[PDB]
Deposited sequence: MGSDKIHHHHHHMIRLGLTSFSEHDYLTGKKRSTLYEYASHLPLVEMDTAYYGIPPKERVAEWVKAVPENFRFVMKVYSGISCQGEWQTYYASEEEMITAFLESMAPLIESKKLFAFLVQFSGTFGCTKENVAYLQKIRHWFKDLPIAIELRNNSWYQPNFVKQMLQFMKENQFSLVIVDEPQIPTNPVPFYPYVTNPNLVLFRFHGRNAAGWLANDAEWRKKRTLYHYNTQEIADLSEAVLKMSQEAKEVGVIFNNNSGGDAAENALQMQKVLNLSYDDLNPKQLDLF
């Protein structure tokens, strides 16, 4: 029977990846955001999980305009090659859900870095890219529809986000499919403080209920749905994810 897919995952597999892959079908690994790992480490990660476990791989900080990447890489090209060279065993493995390119609050709707998003697309050939933004100008009434169209045109999977509402930068929860082949949700929790690893939010029964409605509404319109609980304390994220899984009675 033609089933559309919803996978639930965390960032804080933190015990082990091997044991994590016993309960969950999806993980987000942030490890490479801080430094590009050697190819053979990625190779072992691949070997350590079941045949159809998926990885959301967060790209190197330099790729999303955050890293001090000049310290380690001579040019943007050398940096992309190092990342894609180390990510080879995952890319060739078919266990890649998406590369997450997650931008800062300062990365907003400008001609300059729209043209940077095009550079991202080129650098990543035909690879699945989940784009995340922290700036509401991308979402402003005026520029919002071309924005979604730009994501569609480039097959970018625009990350649907639940996150703290900063008055001066209110990034909304905008459930819309830009790439019908994969939608990624990321729930950051709703605690505004420092919007930070020491900032806690445990989603309640009503919130898990609201977010589940939206997740289902999206799986109606996408082949594969990825849900990452990235709210603080892995214990909180894991509790919330286990709640959702019950609410959607998943496998």
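- In this chain, the deposited residues that lack C-alpha positions fall in the ranges 1-8, 23-32, 214-221, 278-289.
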